[PDB]
$ cat final14.pdb   # PDB, C-alpha atoms
ATOM      1  CA  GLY A   1      97.294 232.526  42.756  1.00  0.00           C
ATOM      2  CA  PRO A   2     100.729 234.091  43.269  1.00  0.00           C
ATOM      3  CA  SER A   3     102.832 231.301  41.814  1.00  0.00           C
ATOM      4  CA  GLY A   4     106.598 231.394  41.450  1.00  0.00           C
ATOM      5  CA  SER A   5     108.920 232.638  38.733  1.00  0.00           C
ATOM      6  CA  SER A   6     112.476 232.586  37.436  1.00  0.00           C
ATOM      7  CA  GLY A   7     114.591 229.458  37.184  1.00  0.00           C
ATOM      8  CA  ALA A   8     117.888 228.708  35.483  1.00  0.00           C
ATOM      9  CA  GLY A   9     121.207 226.973  36.030  1.00  0.00           C
ATOM     10  CA  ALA A  10     123.913 224.806  34.510  1.00  0.00           C
ATOM     11  CA  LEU A  11     127.026 222.801  35.292  1.00  0.00           C
ATOM     12  CA  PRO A  12     128.800 221.004  36.403  1.00  0.00           C
ATOM     13  CA  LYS A  13     129.491 218.984  33.278  1.00  0.00           C
ATOM     14  CA  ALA A  14     129.707 215.217  32.975  1.00  0.00           C
ATOM     15  CA  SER A  15     132.510 213.659  34.986  1.00  0.00           C
ATOM     16  CA  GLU A  16     134.901 210.793  34.356  1.00  0.00           C
ATOM     17  CA  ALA A  17     134.768 207.301  35.812  1.00  0.00           C
ATOM     18  CA  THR A  18     137.278 205.174  37.683  1.00  0.00           C
ATOM     19  CA  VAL A  19     138.628 201.734  36.864  1.00  0.00           C
ATOM     20  CA  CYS A  20     139.304 198.993  39.384  1.00  0.00           C
ATOM     21  CA  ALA A  21     142.417 196.841  39.306  1.00  0.00           C
ATOM     22  CA  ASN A  22     142.331 193.070  38.987  1.00  0.00           C
ATOM     23  CA  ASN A  23     143.545 190.266  41.221  1.00  0.00           C
ATOM     24  CA  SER A  24     144.366 186.588  40.875  1.00  0.00           C
ATOM     25  CA  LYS A  25     141.404 184.232  40.958  1.00  0.00           C
ATOM     26  CA  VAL A  26     141.552 182.063  37.861  1.00  0.00           C
ATOM     27  CA  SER A  27     141.828 178.470  39.017  1.00  0.00           C
ATOM     28  CA  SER A  28     140.293 175.275  37.693  1.00  0.00           C
ATOM     29  CA  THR A  29     141.214 172.478  40.071  1.00  0.00           C
ATOM     30  CA  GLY A  30     139.530 170.085  42.473  1.00  0.00           C
ATOM     31  CA  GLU A  31     138.265 166.634  41.569  1.00  0.00           C
ATOM     32  CA  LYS A  32     136.960 164.570  44.461  1.00  0.00           C
ATOM     33  CA  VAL A  33     134.725 161.517  44.562  1.00  0.00           C
ATOM     34  CA  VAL A  34     132.231 161.579  47.408  1.00  0.00           C
ATOM     35  CA  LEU A  35     128.801 162.565  46.151  1.00  0.00           C
ATOM     36  CA  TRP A  36     128.682 165.355  43.595  1.00  0.00           C
ATOM     37  CA  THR A  37     130.416 164.255  40.415  1.00  0.00           C
ATOM     38  CA  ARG A  38     132.824 166.574  38.640  1.00  0.00           C
ATOM     39  CA  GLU A  39     130.913 166.412  35.376  1.00  0.00           C
ATOM     40  CA  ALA A  40     127.758 167.400  37.219  1.00  0.00           C
ATOM     41  CA  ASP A  41     129.725 170.263  38.722  1.00  0.00           C
ATOM     42  CA  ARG A  42     131.229 171.016  35.331  1.00  0.00           C
ATOM     43  CA  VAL A  43     127.958 170.960  33.428  1.00  0.00           C
ATOM     44  CA  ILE A  44     126.794 173.605  35.872  1.00  0.00           C
ATOM     45  CA  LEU A  45     129.561 175.985  34.869  1.00  0.00           C
ATOM     46  CA  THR A  46     129.202 174.905  31.259  1.00  0.00           C
ATOM     47  CA  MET A  47     125.468 175.508  31.153  1.00  0.00           C
ATOM     48  CA  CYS A  48     125.628 178.427  33.558  1.00  0.00           C
ATOM     49  CA  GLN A  49     128.269 179.622  31.125  1.00  0.00           C
ATOM     50  CA  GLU A  50     126.787 178.919  27.715  1.00  0.00           C
ATOM     51  CA  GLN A  51     123.163 179.277  28.751  1.00  0.00           C
ATOM     52  CA  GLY A  52     124.131 181.564  31.607  1.00  0.00           C
ATOM     53  CA  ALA A  53     124.114 181.315  35.383  1.00  0.00           C
ATOM     54  CA  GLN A  54     120.408 182.086  35.373  1.00  0.00           C
ATOM     55  CA  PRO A  55     117.864 181.090  38.029  1.00  0.00           C
ATOM     56  CA  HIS A  56     115.634 179.069  35.734  1.00  0.00           C
ATOM     57  CA  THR A  57     118.683 177.710  33.951  1.00  0.00           C
ATOM     58  CA  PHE A  58     119.370 175.669  37.064  1.00  0.00           C
ATOM     59  CA  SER A  59     116.193 173.870  36.069  1.00  0.00           C
ATOM     60  CA  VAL A  60     118.090 172.543  33.075  1.00  0.00           C
ATOM     61  CA  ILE A  61     121.272 171.230  34.650  1.00  0.00           C
ATOM     62  CA  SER A  62     119.216 169.790  37.483  1.00  0.00           C
ATOM     63  CA  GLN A  63     117.713 167.568  34.813  1.00  0.00           C
ATOM     64  CA  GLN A  64     120.973 167.094  32.951  1.00  0.00           C
ATOM     65  CA  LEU A  65     122.573 165.833  36.141  1.00  0.00           C
ATOM     66  CA  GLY A  66     119.999 163.077  36.458  1.00  0.00           C
ATOM     67  CA  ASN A  67     117.749 163.638  39.448  1.00  0.00           C
ATOM     68  CA  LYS A  68     119.283 166.811  40.829  1.00  0.00           C
ATOM     69  CA  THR A  69     117.303 169.940  41.611  1.00  0.00           C
ATOM     70  CA  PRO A  70     117.441 173.610  40.594  1.00  0.00           C
ATOM     71  CA  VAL A  71     117.639 174.512  44.265  1.00  0.00           C
ATOM     72  CA  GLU A  72     120.677 172.314  44.780  1.00  0.00           C
ATOM     73  CA  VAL A  73     122.373 172.957  41.459  1.00  0.00           C
ATOM     74  CA  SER A  74     122.408 176.607  42.458  1.00  0.00           C
ATOM     75  CA  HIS A  75     123.583 175.834  45.972  1.00  0.00           C
ATOM     76  CA  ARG A  76     126.488 174.037  44.341  1.00  0.00           C
ATOM     77  CA  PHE A  77     127.148 176.709  41.743  1.00  0.00           C
ATOM     78  CA  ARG A  78     127.039 179.494  44.303  1.00  0.00           C
ATOM     79  CA  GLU A  79     129.376 177.369  46.390  1.00  0.00           C
ATOM     80  CA  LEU A  80     131.760 176.554  43.566  1.00  0.00           C
ATOM     81  CA  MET A  81     133.003 180.115  43.249  1.00  0.00           C
ATOM     82  CA  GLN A  82     132.937 180.286  47.030  1.00  0.00           C
ATOM     83  CA  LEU A  83     135.084 177.177  47.271  1.00  0.00           C
ATOM     84  CA  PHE A  84     137.586 178.200  44.620  1.00  0.00           C
ATOM     85  CA  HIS A  85     137.880 181.627  46.201  1.00  0.00           C
ATOM     86  CA  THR A  86     138.785 180.246  49.607  1.00  0.00           C
ATOM     87  CA  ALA A  87     140.739 177.324  48.203  1.00  0.00           C
ATOM     88  CA  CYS A  88     142.723 176.851  51.391  1.00  0.00           C
ATOM     89  CA  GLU A  89     145.619 174.888  49.945  1.00  0.00           C
ATOM     90  CA  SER A  90     144.031 173.287  46.906  1.00  0.00           C
ATOM     91  CA  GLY A  91     145.335 169.750  46.569  1.00  0.00           C
ATOM     92  CA  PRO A  92     145.907 167.907  49.853  1.00  0.00           C
ATOM     93  CA  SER A  93     147.128 164.685  48.290  1.00  0.00           C
ATOM     94  CA  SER A  94     146.386 162.020  45.706  1.00  0.00           C
ATOM     95  CA  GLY A  95     147.112 158.732  47.435  1.00  0.00           C
TER      96      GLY A  95
END
$ encode --input "final14.pdb" --output "structure tokens"
Amino acid sequence: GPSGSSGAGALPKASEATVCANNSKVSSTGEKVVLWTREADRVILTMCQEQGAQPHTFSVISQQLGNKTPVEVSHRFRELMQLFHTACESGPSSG
């Protein structure tokens, strides 16, 4: 066969990276009696925090809650951040 030949090259060299700024978000407020209890909601963060917001982890809280599920616990967790984010005037009234 004929085959090829030659082959060489170099550069460019490694490049630098870019950093992204930060924005407000921190906010721990809510509290509302209707169905889901704060604690239950808290435990989520707690566990999802200590243990980690893992998929299987939800199988723990779900049990910790009482009779909750890992499919719901997640739905709530994924919503939590979603809720906080939006906020939309957090704190309507106490009454």
$ atom_distance --input "final14.pdb" --atom1 "atom CA of residue A:56" --atom2 "atom CA of residue A:74"
9.9 Å
$ closest_residue --input "final14.pdb" --among "A:40, A:49, A:16, A:92" --to "residue A:61" --atoms "only C-alpha atoms"
A:40
$ closest_atom_pairs --input "final14.pdb" --of "stretch 15-66 of chain A" --to "stretch 84-90 of chain A" --cutoff "9 Å" --atoms "only C-alpha atoms" --output "CSV"
residue,atom,partner,partner_atom,distance
A:25,CA,A:85,CA,6.8
A:26,CA,A:84,CA,8.7
A:27,CA,A:84,CA,7.0
A:28,CA,A:84,CA,8.0
A:29,CA,A:90,CA,7.4
A:30,CA,A:90,CA,7.1
$ residues_around --input "final14.pdb" --residues "residue A:41" --least-positions-apart "3" --cutoff "9 Å" --atoms "all atoms listed in the file" --output "list in words"
residues 36, 37, 38, 44, 45, 46, 65, 73, 76, 77 and 80 of chain A
$ atom_distance --input "final14.pdb" --atom1 "atom CA of residue A:21" --atom2 "atom CA of residue A:83"
22.4 Å
$ atom_distance --input "final14.pdb" --atom1 "atom CA of residue A:50" --atom2 "atom CA of residue A:20"
26.4 Å
$ closest_residue --input "final14.pdb" --among "A:13, A:6, A:94, A:75" --to "residue A:62" --atoms "all atoms listed in the file"
A:75
$ axis_aligned_box --input "final14.pdb" --around "stretch 28-38 of chain A" --padding-each-side "4 Å" --output "JSON"
{"center_x": 134.9, "center_y": 168.4, "center_z": 42.6, "size_x": 20.5, "size_y": 21.8, "size_z": 17.7}
$ build_atoms --input "final14.pdb" --residues "stretch 1-37 of chain A" --atoms "N, CA and C atoms" --output "PDB file, keeping the file's coordinate frame"
ATOM      1  N   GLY A   1      96.184 232.928  41.908  1.00  0.00           N
ATOM      2  CA  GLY A   1      97.294 232.526  42.756  1.00  0.00           C
ATOM      3  C   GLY A   1      98.546 233.348  42.446  1.00  0.00           C
ATOM      4  N   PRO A   2      99.488 233.353  43.427  1.00  0.00           N
ATOM      5  CA  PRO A   2     100.729 234.091  43.269  1.00  0.00           C
ATOM      6  C   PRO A   2     101.680 233.368  42.313  1.00  0.00           C
ATOM      7  N   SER A   3     101.945 232.110  42.632  1.00  0.00           N
ATOM      8  CA  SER A   3     102.832 231.301  41.814  1.00  0.00           C
ATOM      9  C   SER A   3     104.265 231.827  41.918  1.00  0.00           C
ATOM     10  N   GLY A   4     105.193 231.024  41.419  1.00  0.00           N
ATOM     11  CA  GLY A   4     106.598 231.394  41.450  1.00  0.00           C
ATOM     12  C   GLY A   4     107.044 231.967  40.103  1.00  0.00           C
ATOM     13  N   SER A   5     108.355 232.105  39.961  1.00  0.00           N
ATOM     14  CA  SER A   5     108.920 232.638  38.733  1.00  0.00           C
ATOM     15  C   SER A   5     110.440 232.449  38.733  1.00  0.00           C
ATOM     16  N   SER A   6     111.037 232.721  37.582  1.00  0.00           N
ATOM     17  CA  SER A   6     112.476 232.586  37.436  1.00  0.00           C
ATOM     18  C   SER A   6     112.883 231.120  37.596  1.00  0.00           C
ATOM     19  N   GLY A   7     114.075 230.813  37.103  1.00  0.00           N
ATOM     20  CA  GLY A   7     114.591 229.458  37.184  1.00  0.00           C
ATOM     21  C   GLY A   7     115.586 229.182  36.056  1.00  0.00           C
ATOM     22  N   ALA A   8     116.836 228.982  36.448  1.00  0.00           N
ATOM     23  CA  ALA A   8     117.888 228.708  35.483  1.00  0.00           C
ATOM     24  C   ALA A   8     119.126 228.191  36.219  1.00  0.00           C
ATOM     25  N   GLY A   9     119.986 227.522  35.465  1.00  0.00           N
ATOM     26  CA  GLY A   9     121.207 226.973  36.030  1.00  0.00           C
ATOM     27  C   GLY A   9     121.899 226.037  35.037  1.00  0.00           C
ATOM     28  N   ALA A  10     123.136 225.692  35.362  1.00  0.00           N
ATOM     29  CA  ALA A  10     123.913 224.806  34.510  1.00  0.00           C
ATOM     30  C   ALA A  10     125.144 224.321  35.277  1.00  0.00           C
ATOM     31  N   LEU A  11     125.833 223.358  34.679  1.00  0.00           N
ATOM     32  CA  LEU A  11     127.026 222.801  35.292  1.00  0.00           C
ATOM     33  C   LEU A  11     126.654 222.162  36.632  1.00  0.00           C
ATOM     34  N   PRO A  12     127.571 221.286  37.125  1.00  0.00           N
ATOM     35  CA  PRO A  12     128.800 221.004  36.403  1.00  0.00           C
ATOM     36  C   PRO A  12     128.533 220.099  35.198  1.00  0.00           C
ATOM     37  N   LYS A  13     129.596 219.829  34.454  1.00  0.00           N
ATOM     38  CA  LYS A  13     129.491 218.984  33.278  1.00  0.00           C
ATOM     39  C   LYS A  13     129.771 217.531  33.673  1.00  0.00           C
ATOM     40  N   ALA A  14     129.491 216.634  32.738  1.00  0.00           N
ATOM     41  CA  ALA A  14     129.707 215.217  32.975  1.00  0.00           C
ATOM     42  C   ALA A  14     131.111 215.007  33.545  1.00  0.00           C
ATOM     43  N   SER A  15     131.233 213.977  34.369  1.00  0.00           N
ATOM     44  CA  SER A  15     132.510 213.659  34.986  1.00  0.00           C
ATOM     45  C   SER A  15     133.031 212.324  34.451  1.00  0.00           C
ATOM     46  N   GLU A  16     134.277 212.030  34.794  1.00  0.00           N
ATOM     47  CA  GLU A  16     134.901 210.793  34.356  1.00  0.00           C
ATOM     48  C   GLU A  16     134.622 209.673  35.361  1.00  0.00           C
ATOM     49  N   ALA A  17     134.974 208.460  34.961  1.00  0.00           N
ATOM     50  CA  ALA A  17     134.768 207.301  35.812  1.00  0.00           C
ATOM     51  C   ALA A  17     136.125 206.765  36.273  1.00  0.00           C
ATOM     52  N   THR A  18     136.067 205.780  37.157  1.00  0.00           N
ATOM     53  CA  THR A  18     137.278 205.174  37.683  1.00  0.00           C
ATOM     54  C   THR A  18     137.283 203.669  37.410  1.00  0.00           C
ATOM     55  N   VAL A  19     138.474 203.152  37.142  1.00  0.00           N
ATOM     56  CA  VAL A  19     138.628 201.734  36.864  1.00  0.00           C
ATOM     57  C   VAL A  19     139.209 201.038  38.095  1.00  0.00           C
ATOM     58  N   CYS A  20     138.830 199.778  38.257  1.00  0.00           N
ATOM     59  CA  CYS A  20     139.304 198.993  39.384  1.00  0.00           C
ATOM     60  C   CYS A  20     140.330 197.982  38.867  1.00  0.00           C
ATOM     61  N   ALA A  21     141.364 197.775  39.669  1.00  0.00           N
ATOM     62  CA  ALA A  21     142.417 196.841  39.306  1.00  0.00           C
ATOM     63  C   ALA A  21     141.872 195.413  39.377  1.00  0.00           C
ATOM     64  N   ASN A  22     142.714 194.472  38.975  1.00  0.00           N
ATOM     65  CA  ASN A  22     142.331 193.070  38.987  1.00  0.00           C
ATOM     66  C   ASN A  22     143.228 192.309  39.966  1.00  0.00           C
ATOM     67  N   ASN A  23     142.794 191.103  40.300  1.00  0.00           N
ATOM     68  CA  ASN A  23     143.545 190.266  41.221  1.00  0.00           C
ATOM     69  C   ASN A  23     143.388 188.800  40.816  1.00  0.00           C
ATOM     70  N   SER A  24     144.381 188.006  41.191  1.00  0.00           N
ATOM     71  CA  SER A  24     144.366 186.588  40.875  1.00  0.00           C
ATOM     72  C   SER A  24     143.051 185.961  41.343  1.00  0.00           C
ATOM     73  N   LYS A  25     142.637 184.926  40.627  1.00  0.00           N
ATOM     74  CA  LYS A  25     141.404 184.232  40.958  1.00  0.00           C
ATOM     75  C   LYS A  25     141.272 182.989  40.077  1.00  0.00           C
ATOM     76  N   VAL A  26     141.627 183.159  38.812  1.00  0.00           N
ATOM     77  CA  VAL A  26     141.552 182.063  37.861  1.00  0.00           C
ATOM     78  C   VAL A  26     142.160 180.806  38.488  1.00  0.00           C
ATOM     79  N   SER A  27     141.382 179.734  38.458  1.00  0.00           N
ATOM     80  CA  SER A  27     141.828 178.470  39.017  1.00  0.00           C
ATOM     81  C   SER A  27     140.778 177.386  38.767  1.00  0.00           C
ATOM     82  N   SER A  28     141.185 176.376  38.012  1.00  0.00           N
ATOM     83  CA  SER A  28     140.293 175.275  37.693  1.00  0.00           C
ATOM     84  C   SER A  28     140.892 173.955  38.183  1.00  0.00           C
ATOM     85  N   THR A  29     140.700 173.696  39.468  1.00  0.00           N
ATOM     86  CA  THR A  29     141.214 172.478  40.071  1.00  0.00           C
ATOM     87  C   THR A  29     140.265 171.983  41.164  1.00  0.00           C
ATOM     88  N   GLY A  30     140.370 170.694  41.455  1.00  0.00           N
ATOM     89  CA  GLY A  30     139.530 170.085  42.473  1.00  0.00           C
ATOM     90  C   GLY A  30     139.512 168.562  42.329  1.00  0.00           C
ATOM     91  N   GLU A  31     138.419 168.065  41.769  1.00  0.00           N
ATOM     92  CA  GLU A  31     138.265 166.634  41.569  1.00  0.00           C
ATOM     93  C   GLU A  31     138.252 165.909  42.917  1.00  0.00           C
ATOM     94  N   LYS A  32     137.115 165.299  43.214  1.00  0.00           N
ATOM     95  CA  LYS A  32     136.960 164.570  44.461  1.00  0.00           C
ATOM     96  C   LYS A  32     135.681 163.733  44.402  1.00  0.00           C
ATOM     97  N   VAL A  33     135.852 162.433  44.590  1.00  0.00           N
ATOM     98  CA  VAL A  33     134.725 161.517  44.562  1.00  0.00           C
ATOM     99  C   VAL A  33     134.168 161.355  45.978  1.00  0.00           C
ATOM    100  N   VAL A  34     132.893 161.683  46.119  1.00  0.00           N
ATOM    101  CA  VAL A  34     132.231 161.579  47.408  1.00  0.00           C
ATOM    102  C   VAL A  34     130.717 161.526  47.197  1.00  0.00           C
ATOM    103  N   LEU A  35     130.223 162.491  46.436  1.00  0.00           N
ATOM    104  CA  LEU A  35     128.801 162.565  46.151  1.00  0.00           C
ATOM    105  C   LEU A  35     128.591 163.263  44.805  1.00  0.00           C
ATOM    106  N   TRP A  36     128.839 164.564  44.804  1.00  0.00           N
ATOM    107  CA  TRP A  36     128.682 165.355  43.595  1.00  0.00           C
ATOM    108  C   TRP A  36     129.822 164.992  42.641  1.00  0.00           C
ATOM    109  N   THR A  37     129.440 164.627  41.426  1.00  0.00           N
ATOM    110  CA  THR A  37     130.416 164.255  40.415  1.00  0.00           C
ATOM    111  C   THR A  37     130.925 165.498  39.683  1.00  0.00           C
TER     112      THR A  37
END
